[PDB]
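Visitor: So that we are looking at the same thing, I have put the structure below in structure tokens.
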Amino acid sequence: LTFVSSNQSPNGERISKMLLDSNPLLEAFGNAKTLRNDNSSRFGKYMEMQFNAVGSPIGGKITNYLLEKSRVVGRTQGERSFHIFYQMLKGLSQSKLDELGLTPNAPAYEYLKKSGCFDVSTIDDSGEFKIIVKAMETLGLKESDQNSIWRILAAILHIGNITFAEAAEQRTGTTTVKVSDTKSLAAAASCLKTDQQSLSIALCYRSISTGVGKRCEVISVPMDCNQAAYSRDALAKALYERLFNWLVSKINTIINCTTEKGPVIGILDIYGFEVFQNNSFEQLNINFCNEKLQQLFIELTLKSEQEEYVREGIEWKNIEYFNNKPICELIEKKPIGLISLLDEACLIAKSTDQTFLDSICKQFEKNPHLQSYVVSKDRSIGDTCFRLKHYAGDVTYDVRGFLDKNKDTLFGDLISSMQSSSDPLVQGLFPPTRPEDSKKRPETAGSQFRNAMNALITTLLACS
Amino acid sequence: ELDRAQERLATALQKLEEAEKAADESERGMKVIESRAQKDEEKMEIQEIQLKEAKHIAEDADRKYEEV
Amino acid sequence: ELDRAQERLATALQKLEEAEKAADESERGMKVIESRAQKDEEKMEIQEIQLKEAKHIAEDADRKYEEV
Amino acid sequence: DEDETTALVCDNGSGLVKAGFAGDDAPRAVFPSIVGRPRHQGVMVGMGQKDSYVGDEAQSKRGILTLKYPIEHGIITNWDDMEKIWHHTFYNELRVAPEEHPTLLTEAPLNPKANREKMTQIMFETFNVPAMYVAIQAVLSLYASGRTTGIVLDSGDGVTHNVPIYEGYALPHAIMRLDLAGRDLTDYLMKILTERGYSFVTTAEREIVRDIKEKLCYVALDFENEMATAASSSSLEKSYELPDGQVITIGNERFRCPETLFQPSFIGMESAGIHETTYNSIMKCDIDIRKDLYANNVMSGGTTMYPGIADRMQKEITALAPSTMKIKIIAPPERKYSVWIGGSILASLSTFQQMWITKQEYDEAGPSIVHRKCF
Ligand SMILES: Nc1ncnc2c1ncn2[C@@H]1O[C@H](COP(=O)(O)OP(=O)(O)O)[C@@H](O)[C@H]1O
Ligand SMILES: [Ca+2]
């Protein structure tokens, strides 16, 4: 792009260095480890390249989607969660740790106990920490800005300790969730500086009245541990997702320019097709993108391009055109489709995993390009699992946690709490309302994520 | 004097509204807890009988085991 | 009008004290009951643990009886 | 929000209407079901009266409104009013057109066949609704937890329903329909208050009873022991200075009316307490089905928020019934919207296509299309 676009300006090739060093910069914070790759980026990224009057670029925006958020609570043995949680420990001075109410022992917490692993044989964060710090100050993230960011995790680490001892309080109805060790739930609100009591009474418990005004929140709805843990995490993830995307934009505050507005050259970069000898739900979302990626090419290198041939009026004849596989798209979009049958089950909470399975085998295993044990008599497939044929090979999936991990449903009860808090960051993590996503707010996230992927396809069709 | 009294009356009613509001929320909180207290009391009594029954039946089973 | 203002000031200032007084008493009554509620809740949970054991022991005796 | 037709969510009863935007979790607008006239002459020119007054508009100013009840269990005295009641919901608040989005409604079990068609006629013929459906109250409150084996008891203002819907629906009789909910409670209190002199006559203050009820009134645990307690003036005499200006010490009046629930003998009927009807729905089904029914009993409806409604069930059910399994009743905390939670689901289901009705489907099989094919 450079040179071709360009040169003279001493403030061009010099600032180009810090921009080229922006790649390894963001690969030390948001990235984590995978068995297929070490430098695994953990955030969608559709970069955009603008230009200056002199020739050099001026800046660009960044956009992500979904964000993997099931690794914080569950993962395979040997693997490791996000880097920030481990690299931060083996580095900061013990004095800095105690200030955050921390002790040099992962098992003591919950955020690091949900896995069962702590020490990795290959990684030595104690030494690697000096590489991340060199990236902290060099760019422009002073300790002041660092502590600010840590105040978010400092809270989360104070909220994370909130565990529960299956409370069978209700004589009959439904087992509630009791917190005897309140100092964890107290410290949780201490950072937010909100009423410890009301908080627990307004979140763990749902409430609504209504009458032209806007209700009086207090009525109680204690729910099971799964839904309680679901709500707990649901917030813990989205809270950090919005921040990171708003952080990278503030990283550009001392990089991005606002002098010209013109053409935009985009660059795509999303999670890669990972392959294990044992897949699950979290794999589906990633593998699903590839199904859309293959559709992209066939739409481009086989459709939009062939139509350009005849538009020029040059010799061309339809040579053996293999299936356009729009079935793999209709099988999970319009009514009577996978995710249309899946997300529908996510709401039917009484349809767990075994009942949900039966809603797939019957709906499909007849439509072309999808197998299982029943139809395809193969012992490799379990009675609870199925055989999904991609445009490549074969993959079998489990069922552990399907629902709570897939639902994603995030109502406006966990979100509104932080918004009404008193802190320059807590409300700051929720930036100026409606950034490229407005329409209407109150609605399950099951549809919100569906819009995220649709915002990726529609914008790729009509272009070059 | 009327102007001064009106000024004092304005702030007086404001404090009165705040006081009544605090009392309204306090009397309600005391009530809901009182109901829960009685709800737990009944649960404690009905289980107190089950606990005894669970102990006696265990002792009876032991005596029954000693005989055989 | 001054007489009316003074009259309203009297009944307001008095009712203000009563409202505040009731707020304290209601909170006072809330506290004494809350404490007892917590004591019961704890005592009840402990009995449930003993209730389970008492049953398991009773069942174990029955299973031990069938063997003999 | 924008893409895809996006369907609304609604739940109309015989007392309170529940409706909001689309893809929501809970009702956004819950206006009261009232529509009367100005028996008086409106100022007649200080607007061409008409509008019987409705919504927060009527409820705000009852005074000069002869609240005329249109929907009384089954029979609708007049349909003409219902037309302009629905013309307010979708537009004045939601600001969205039904001639664009589907629609979901609730079905009152055992409702005249002619009614389900009369309603649909208003949609298909005038409000042009190519897609809609009318699901069954209780069954919705179900599909929202984590099991396929529970008995449900859903009710509010309409009529009581003891529906043991867990594994399936409809077999011998089991299910029950009892005209004794909400509106019935509001009507009974005024009659009993006459013993003390208090007589809330007109239908306007009749509503005030319902308003006052849901703040202090509670259910008698045991009327026998509570009667002797009347000697004391602490737990009885309750304070509620009428917003008008006359205190009503509702002491023995609070736990008197609810007694009718367990004793329908006080309302001229042979129906037994709700704990007998429980047996009536259990004794019919198979023998090896009970042990797990007691382990799960769903109690939906905001009516079941009266202090002393759940603790009584454990006393009467354990009495005249098998007692060697886990007696357990699931009474959802906020169980009033349990139907609304399930409603948002059906409207988003895709299998829903197998059940719902399409524009053309209504003309091919005639008006009966709905309950002639489904159940
Ligand atoms: N907080 C409450 N406590 C007890 N009853 C309540 C409460 N809020 C509402 N109700 C009652 O619930 C009933 C309305 O419930 P609803 O589910 O809307 O009924 P329906 O759908 O049969 O019209 C009314 O009798 C009302 O007084
Ligand atoms: Ca009802």
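Throughout, chain D uses Swiss-Prot numbering, with the displayed residues spanning 3-377 in order.
A Cβ is built for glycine as well, from the same backbone N, Cα and C atoms used for every other residue.
Relevant sequence annotations retrieved from Swiss-Prot are reproduced here:
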{"type": "MOD_RES", "residues": "D:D3", "note": "N-acetylaspartate"}
{"type": "MOD_RES", "residues": "D:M46", "note": "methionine (R)-sulfoxide"}
{"type": "MOD_RES", "residues": "D:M49", "note": "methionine (R)-sulfoxide"}
{"type": "MOD_RES", "residues": "D:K63", "note": "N6-malonyllysine"}
{"type": "REGION", "residues": "D:112-125", "note": "region 'Interaction with alpha-actinin'"}
{"type": "MOD_RES", "residues": "D:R179", "note": "ADP-ribosylarginine"}
{"type": "REGION", "residues": "D:360-372", "note": "region 'Interaction with alpha-actinin'"}
Visitor: Judged by the number of other CB atoms within 10 angstroms, which among D:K63, D:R179 is the least packed of the modified residues?
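Guide: Taking D:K63, D:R179 as the modified residues, the minimal 10 Å Cβ count falls on D:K63.
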Visitor: Looking at the modified residues listed here (D:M46, D:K63, D:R179), whose Cα lies nearest to that of D:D3 (N-acetylaspartate)?
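Guide: It is D:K63, whose Cα lies nearest.
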Visitor: Select from D:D3, D:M46, D:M49, D:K63 the modified residues whose C-beta atom falls under 8 Å of at least one C-beta in chain A, and return them in sequence order or as 'none'.
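Guide: The answer, in sequence order, is D:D3.
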Visitor: I'd like the Cβ neighbour count for D:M46 (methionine (R)-sulfoxide), meaning other Cβ atoms within 10 Å of its Cβ, all protein chains included.
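Guide: The answer is 10.
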Visitor: Just how many other Cβ atoms lie inside 10 Å of the Cβ on D:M49 (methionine (R)-sulfoxide)?
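Guide: Total other Cβ atoms inside 10 Å, all chains included: 10.
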Visitor: Give the three-state DSSP assignment (helix, strand or coil) for the residue listed as 'ADP-ribosylarginine'.
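Guide: DSSP assigns the residue listed as 'ADP-ribosylarginine' to strand.
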Visitor: How many Å separate the Cα atoms of the residue listed as 'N6-malonyllysine' and D:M49 (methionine (R)-sulfoxide)?
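Guide: Their Cα atoms are separated by 15 Å.
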Visitor: If you count Cβ atoms within 10 Å of the Cβ of D:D3 (N-acetylaspartate), leaving out that atom itself, what do you get?
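Guide: The Cβ of D:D3 (N-acetylaspartate) has 17 Cβ neighbours within 10 Å.
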